[PDB]
Amino acid sequence: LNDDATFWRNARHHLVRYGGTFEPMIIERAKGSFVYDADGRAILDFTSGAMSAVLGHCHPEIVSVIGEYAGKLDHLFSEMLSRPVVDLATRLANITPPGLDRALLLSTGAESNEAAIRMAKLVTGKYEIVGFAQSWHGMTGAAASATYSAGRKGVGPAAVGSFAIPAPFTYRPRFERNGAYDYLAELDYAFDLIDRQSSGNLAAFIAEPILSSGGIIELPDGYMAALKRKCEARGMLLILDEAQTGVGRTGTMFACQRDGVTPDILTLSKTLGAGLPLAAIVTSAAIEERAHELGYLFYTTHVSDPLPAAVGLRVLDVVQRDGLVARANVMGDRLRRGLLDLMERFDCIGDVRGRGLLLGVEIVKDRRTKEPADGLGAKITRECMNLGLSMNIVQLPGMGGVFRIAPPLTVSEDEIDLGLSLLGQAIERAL
Ligand SMILES: *Cc1c(COP(=O)(O)O)cnc(C)c1O
Ligand SMILES: [K+]
Ligand code: NA
């Protein structure tokens with residue numbers, strides 16, 4: 001049973017608490033879209049772990065390549081090159097939009113955004129970084145200073161030159177222009193204010209194609225392009241953080257491709273490692289060449305490490321030959337319709353949004369006032385677990401509890417259905 005007393009005692013005596021609250025179970029194993037506790041209960045992983053496992057848990061391809069390299073090429077001096085590294089770097093150059101040519105293979109999302117930010121500040125000679133009011137880029141220094149969804153208090157000053165403009169949020173609009181929500185005018189409004197505060201050292205703007213932590217907020221039509229132009233006008237770089245949107249989760253290999261707006265630097269992680277610690281940034285040959293002249297430096301233990309690079313190249317291998325980016329739209333629409341049907345049966349569901357296999361459901365006390373559903377959200381999530389469905393709900397002020405649904409890009413038609421079924425039941429029990 002999950003009640004192992006020795007387990008929870010050790011877990012209580014020797015575990016540092018880092019946010020949230022631990023699941024009252026002991027996950028024994030995982031396969032495909034399921035994790036299993038000590039009793040063997042199958043739990044549908046509707047969050048792909050930490051929004052990472054795009055090929056599902058313990059996927060055969062990955063299990064073999066990892067072992068393959070674990071025993072062949074593992075770790076190397078950070079100045080030695082290998083085929084897995086040059087191949088992944090080259091692949092990424094090829095699957096990312098034209099303009100993105102060079103890659104740096106790292107380990108974490110925060111670490112990758114750090115890399116992009118350091119390179120931007122260097123190349124631009126400036127140091128001010130602008131992000132979204134409800135963004136999330138990591139727990140480390142710069143990634144954390146550009147993160148406004150959570151973690152800014154009780155830990156001292158943020159990084160110097162940290163600004164944030166509101167994120168365009170169509171469901172909860174607050175910027176009107178002609179009786180309509182003008183999120184583009186809201187962009188200009190925001191940046192003017194930015195300019196007024198800027199010390200004249202704006203280096204770049206980090207942005208998530210779809211703000212995940214911030215409640216799955218997809219940037220409206222024309223925003224990305226507009227944003228991109230705002231940055232060019234000020235000689236700023238546009239850093240697109242696709243840690244969760246990258247690698248076909250939204251139905252395109254890269255969300256930035258949807259808008260057709262390629263950034264100056266692109267950072268990848270979560271979905272790129274498919275569960276392992278592999279991350280990377282990709283930039284133009286112009287910026288890289290320049291950053292090089294300025295002596296750019298981002299020397300880590302695991303940068304250009306054989307094993308991770310190999311798994312990453314494999315994750316891209318299968319995602320491609322198995323057209324999971326498409327599986328993402330196919331299964332994403334199945335999940336979406338189902339959610340709309342449930343939204344159709346329950347009033348607490350005020351909104352269903354997102355793209356591809358990164359959907360979001362907002363629980364509200366009532367459509368009319370769109371008043372956040374207090375506790376209900378937590379309850380439904382609680383109920384889902386009992387029913388054997390692993391869900392995740394994020395809660396920010398002035399916004400209802402948002403369920404972040406993101407199963408593997410490998411989910412089956414039935415697995416999707418199973419999920420819908422359990423969610424519907426959970427909502428019935430929560431009310
Ligand atoms: C998850 C997340 C990260 C943080 O990456 P870590 O691997 O936890 O350091 C970075 N960017 C975005 C958009 C994320 O959602
Ligand atoms: K190394
Ligand atoms: Na490219």
# chains A, B, ... in the order shown; residues from 1 in each chain; ligands from 1

$ residues_near_ligand --ligand "ligand 3" --cutoff "10 Å" --atoms "only C-alpha atoms and all ligand atoms" --output "number ranges by chain"
A: 90-102, 262, 282-284

$ write_last_selection --atoms "N, CA, C and O atoms" --output "CSV table (one decimal), in the first residue's frame"
chain,number,residue,atom,x,y,z
A,90,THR,N,22.7,20.4,-35.1
A,90,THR,CA,22.3,20.5,-36.5
A,90,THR,C,20.9,20.2,-36.8
A,90,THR,O,20.2,21.0,-37.5
A,91,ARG,N,20.3,19.2,-36.1
A,91,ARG,CA,18.9,18.9,-36.3
A,91,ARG,C,18.1,20.1,-36.0
A,91,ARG,O,17.3,20.6,-36.8
A,92,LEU,N,18.2,20.6,-34.7
A,92,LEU,CA,17.5,21.7,-34.2
A,92,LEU,C,17.7,22.9,-35.2
A,92,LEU,O,16.7,23.7,-35.3
A,93,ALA,N,18.8,23.1,-35.8
A,93,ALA,CA,19.0,24.2,-36.7
A,93,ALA,C,18.0,24.0,-37.8
A,93,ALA,O,17.4,24.9,-38.3
A,94,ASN,N,17.9,22.7,-38.2
A,94,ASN,CA,17.0,22.3,-39.3
A,94,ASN,C,15.5,22.3,-39.1
A,94,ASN,O,14.7,22.7,-39.9
A,95,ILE,N,15.0,21.9,-37.9
A,95,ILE,CA,13.6,21.9,-37.6
A,95,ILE,C,13.1,23.2,-37.1
A,95,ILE,O,11.9,23.5,-37.1
A,96,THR,N,13.9,24.1,-36.6
A,96,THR,CA,13.5,25.4,-36.2
A,96,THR,C,13.4,26.4,-37.4
A,96,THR,O,14.0,26.1,-38.4
A,97,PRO,N,12.6,27.4,-37.3
A,97,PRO,CA,12.4,28.4,-38.4
A,97,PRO,C,13.7,29.0,-39.0
A,97,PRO,O,14.8,29.0,-38.4
A,98,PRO,N,13.6,29.4,-40.2
A,98,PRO,CA,14.8,30.0,-40.8
A,98,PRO,C,15.2,31.2,-40.0
A,98,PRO,O,14.3,31.9,-39.5
A,99,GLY,N,16.5,31.4,-39.8
A,99,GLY,CA,17.0,32.5,-39.0
A,99,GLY,C,17.6,32.0,-37.7
A,99,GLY,O,18.5,32.6,-37.1
A,100,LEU,N,17.2,30.8,-37.3
A,100,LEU,CA,17.7,30.1,-36.1
A,100,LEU,C,18.7,29.1,-36.6
A,100,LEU,O,18.3,28.1,-37.2
A,101,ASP,N,20.0,29.3,-36.4
A,101,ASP,CA,21.0,28.5,-36.9
A,101,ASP,C,22.0,27.7,-35.9
A,101,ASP,O,22.4,26.6,-36.2
A,102,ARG,N,22.3,28.4,-34.8
A,102,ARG,CA,23.2,27.8,-33.8
A,102,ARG,C,22.5,27.4,-32.5
A,102,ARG,O,21.7,28.1,-32.0
A,262,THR,N,9.4,34.2,-36.2
A,262,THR,CA,10.6,33.6,-35.6
A,262,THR,C,11.3,34.6,-34.7
A,262,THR,O,11.5,35.7,-35.1
A,282,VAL,N,18.5,28.3,-29.3
A,282,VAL,CA,18.9,28.3,-30.7
A,282,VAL,C,18.8,29.8,-31.1
A,282,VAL,O,17.9,30.5,-30.8
A,283,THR,N,19.9,30.3,-31.8
A,283,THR,CA,19.8,31.7,-32.2
A,283,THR,C,20.4,31.8,-33.6
A,283,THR,O,20.8,30.8,-34.2
A,284,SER,N,20.4,33.0,-34.1
A,284,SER,CA,20.9,33.3,-35.5
A,284,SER,C,22.4,33.2,-35.6
A,284,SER,O,23.1,33.2,-34.6

$ select_by_dssp --residues "range 206-324 of chain A" --states "strand (DSSP E or B)" --output "list in words"
residues 206, 207, 210, 211, 217, 218, 237, 238, 239, 240, 241, 265, 266, 267, 268, 274, 276, 279, 280, 281, 282 and 283 of chain A

$ select_by_dssp --residues "range 159-210 of chain A" --states "alpha helix (DSSP H)" --output "PyMOL selection string"
chain A and resi 185-197

$ write_last_selection --atoms "C-alpha atoms" --output "PDB file, in the first residue's frame"
ATOM      1  CA  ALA A 185      -3.457  49.074 -28.319  1.00  0.00           C
ATOM      2  CA  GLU A 186      -2.828  47.605 -24.881  1.00  0.00           C
ATOM      3  CA  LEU A 187       0.590  46.571 -26.216  1.00  0.00           C
ATOM      4  CA  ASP A 188       1.448  50.126 -27.240  1.00  0.00           C
ATOM      5  CA  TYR A 189       0.074  51.453 -23.967  1.00  0.00           C
ATOM      6  CA  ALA A 190       2.285  49.024 -22.046  1.00  0.00           C
ATOM      7  CA  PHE A 191       5.512  49.722 -23.950  1.00  0.00           C
ATOM      8  CA  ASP A 192       5.149  53.493 -23.737  1.00  0.00           C
ATOM      9  CA  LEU A 193       5.127  53.086 -19.990  1.00  0.00           C
ATOM     10  CA  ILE A 194       8.094  50.779 -20.320  1.00  0.00           C
ATOM     11  CA  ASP A 195       9.966  53.373 -22.343  1.00  0.00           C
ATOM     12  CA  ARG A 196       9.218  55.982 -19.702  1.00  0.00           C
ATOM     13  CA  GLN A 197      10.897  53.812 -17.058  1.00  0.00           C
TER      14      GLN A 197
END

$ residues_around --residues "residue 353 in chain A" --least-positions-apart "5" --cutoff "8 Å" --atoms "only C-alpha atoms" --output "PyMOL selection string"
chain A and resi 216-218+359-361

$ closest_atom_pairs --of "chain A" --to "ligand 2" --cutoff "12 Å" --atoms "only C-alpha atoms and all ligand atoms" --output "CSV"
residue,atom,partner,partner_atom_place_in_ligand_line,distance
A:73,CA,ligand 2,1 (K),11.3
A:74,CA,ligand 2,1 (K),9.4
A:75,CA,ligand 2,1 (K),6.1
A:76,CA,ligand 2,1 (K),4.8
A:77,CA,ligand 2,1 (K),4.8
A:78,CA,ligand 2,1 (K),3.5
A:79,CA,ligand 2,1 (K),7.0
A:80,CA,ligand 2,1 (K),7.5
A:81,CA,ligand 2,1 (K),8.8
A:82,CA,ligand 2,1 (K),10.3
A:85,CA,ligand 2,1 (K),10.1
A:104,CA,ligand 2,1 (K),11.4
A:105,CA,ligand 2,1 (K),9.5
A:106,CA,ligand 2,1 (K),9.1
A:107,CA,ligand 2,1 (K),10.6
A:298,CA,ligand 2,1 (K),11.5
A:299,CA,ligand 2,1 (K),8.6
A:300,CA,ligand 2,1 (K),6.9
A:301,CA,ligand 2,1 (K),5.1
A:302,CA,ligand 2,1 (K),4.2
A:303,CA,ligand 2,1 (K),4.7
A:304,CA,ligand 2,1 (K),5.0
A:305,CA,ligand 2,1 (K),4.5
A:306,CA,ligand 2,1 (K),7.9
A:307,CA,ligand 2,1 (K),10.0
A:308,CA,ligand 2,1 (K),10.2
A:309,CA,ligand 2,1 (K),10.6

$ closest_atom_pairs --of "chain A" --to "ligand 1" --cutoff "8 Å" --atoms "only C-alpha atoms and all ligand atoms" --output "Markdown table"
| residue | atom | partner | partner_atom_place_in_ligand_line | distance |
| --- | --- | --- | --- | --- |
| A:50 | CA | ligand 1 | 1 (C) | 7.4 |
| A:51 | CA | ligand 1 | 1 (C) | 7.5 |
| A:107 | CA | ligand 1 | 7 (O) | 7.4 |
| A:108 | CA | ligand 1 | 7 (O) | 4.0 |
| A:109 | CA | ligand 1 | 5 (O) | 3.3 |
| A:110 | CA | ligand 1 | 9 (O) | 3.7 |
| A:111 | CA | ligand 1 | 9 (O) | 6.0 |
| A:112 | CA | ligand 1 | 10 (C) | 7.8 |
| A:113 | CA | ligand 1 | 10 (C) | 7.0 |
| A:135 | CA | ligand 1 | 13 (C) | 7.5 |
| A:136 | CA | ligand 1 | 12 (C) | 5.4 |
| A:137 | CA | ligand 1 | 11 (N) | 3.7 |
| A:138 | CA | ligand 1 | 4 (C) | 3.9 |
| A:139 | CA | ligand 1 | 9 (O) | 6.4 |
| A:140 | CA | ligand 1 | 9 (O) | 7.5 |
| A:143 | CA | ligand 1 | 10 (C) | 7.5 |
| A:208 | CA | ligand 1 | 13 (C) | 5.6 |
| A:211 | CA | ligand 1 | 13 (C) | 6.9 |
| A:212 | CA | ligand 1 | 15 (O) | 5.9 |
| A:213 | CA | ligand 1 | 15 (O) | 6.3 |
| A:241 | CA | ligand 1 | 13 (C) | 5.4 |
| A:242 | CA | ligand 1 | 13 (C) | 6.0 |
| A:243 | CA | ligand 1 | 12 (C) | 4.8 |
| A:244 | CA | ligand 1 | 15 (O) | 5.6 |
| A:245 | CA | ligand 1 | 13 (C) | 7.8 |
| A:268 | CA | ligand 1 | 11 (N) | 7.9 |
| A:269 | CA | ligand 1 | 7 (O) | 6.3 |
| A:270 | CA | ligand 1 | 7 (O) | 5.9 |
| A:277 | CA | ligand 1 | 7 (O) | 7.3 |
| A:279 | CA | ligand 1 | 7 (O) | 7.8 |

$ closest_residue --among "A:162, A:10, A:21, A:421" --to "residue 338 in chain A" --atoms "only C-alpha atoms"
A:421

$ atom_distance --atom1 "CA of residue 352 in chain A" --atom2 "CA of residue 31 in chain A"
28.1 Å

$ residues_around --residues "residue 235 in chain A" --least-positions-apart "2" --cutoff "9 Å" --atoms "only C-alpha atoms" --output "count of residues only"
9

$ atom_distance --atom1 "CA of residue 399 in chain A" --atom2 "CA of residue 431 in chain A"
19.4 Å

$ residues_around --residues "range 409-414 of chain A" --least-positions-apart "4" --cutoff "12 Å" --atoms "only C-alpha atoms" --output "PyMOL selection string"
chain A and resi 31-34+44-48+51-59+245-253+271+274+315+318-320+322-335+338+356-358+405+418-421

$ residues_around --residues "range 178-184 of chain A" --least-positions-apart "4" --cutoff "10 Å" --atoms "only C-alpha atoms" --output "NGL selection string"
:A and (166-170 or 172-174 or 188-190 or 219-224 or 226-227)

$ atom_distance --atom1 "CA of residue 61 in chain A" --atom2 "CA of residue 83 in chain A"
18.3 Å

$ closest_residue --among "A:152, A:355, A:293, A:341" --to "residue 255 in chain A" --atoms "only C-alpha atoms"
A:355

$ residues_around --residues "residue 291 in chain A" --least-positions-apart "2" --cutoff "12 Å" --atoms "only C-alpha atoms" --output "list in words"
residues 102, 115, 116, 117, 118, 119, 120, 121, 122, 123, 124, 125, 283, 284, 285, 286, 287, 288, 289, 293, 294, 295, 296, 297 and 298 of chain A

$ decode --residues "range 310-329 of chain A" --atoms "N, CA and C atoms" --output "compact mmCIF listing (two decimals), in the first residue's frame"
# COMPACT_ATOMS: atom_id res chain seq x y z
N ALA A 310 22.02 12.79 -27.23
CA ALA A 310 21.54 11.60 -27.92
C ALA A 310 20.04 11.34 -27.69
N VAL A 311 19.59 11.50 -26.45
CA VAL A 311 18.18 11.30 -26.13
C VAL A 311 17.34 12.37 -26.83
N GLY A 312 17.84 13.60 -26.82
CA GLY A 312 17.12 14.68 -27.47
C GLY A 312 16.96 14.40 -28.96
N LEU A 313 18.02 13.96 -29.62
CA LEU A 313 17.96 13.67 -31.05
C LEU A 313 16.98 12.53 -31.31
N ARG A 314 16.85 11.64 -30.34
CA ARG A 314 15.93 10.52 -30.44
C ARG A 314 14.50 11.02 -30.30
N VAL A 315 14.27 11.90 -29.32
CA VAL A 315 12.94 12.45 -29.09
C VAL A 315 12.47 13.15 -30.36
N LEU A 316 13.39 13.83 -31.04
CA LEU A 316 13.02 14.50 -32.27
C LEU A 316 12.81 13.44 -33.35
N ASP A 317 13.63 12.40 -33.32
CA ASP A 317 13.49 11.35 -34.30
C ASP A 317 12.08 10.80 -34.30
N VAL A 318 11.63 10.29 -33.16
CA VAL A 318 10.29 9.70 -33.07
C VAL A 318 9.16 10.71 -33.27
N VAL A 319 9.28 11.89 -32.68
CA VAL A 319 8.25 12.91 -32.83
C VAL A 319 7.99 13.14 -34.32
N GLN A 320 9.05 13.07 -35.11
CA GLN A 320 8.92 13.26 -36.54
C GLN A 320 8.35 12.05 -37.29
N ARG A 321 9.03 10.91 -37.25
CA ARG A 321 8.55 9.74 -37.97
C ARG A 321 7.17 9.27 -37.53
N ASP A 322 6.77 9.64 -36.32
CA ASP A 322 5.46 9.23 -35.83
C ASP A 322 4.48 10.39 -35.86
N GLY A 323 4.88 11.44 -36.57
CA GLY A 323 4.04 12.62 -36.71
C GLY A 323 3.22 12.89 -35.47
N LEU A 324 3.90 13.08 -34.35
CA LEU A 324 3.22 13.36 -33.11
C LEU A 324 2.74 14.82 -33.10
N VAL A 325 3.40 15.69 -33.85
CA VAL A 325 2.96 17.08 -33.91
C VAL A 325 1.53 17.12 -34.46
N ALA A 326 1.20 16.13 -35.29
CA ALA A 326 -0.12 15.99 -35.89
C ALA A 326 -0.99 15.26 -34.87
N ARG A 327 -0.45 14.21 -34.27
CA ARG A 327 -1.18 13.45 -33.26
C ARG A 327 -1.68 14.47 -32.23
N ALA A 328 -0.89 15.53 -32.05
CA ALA A 328 -1.19 16.61 -31.10
C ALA A 328 -2.46 17.37 -31.46
N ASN A 329 -2.67 17.62 -32.75
CA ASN A 329 -3.86 18.33 -33.22
C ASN A 329 -5.07 17.39 -33.21
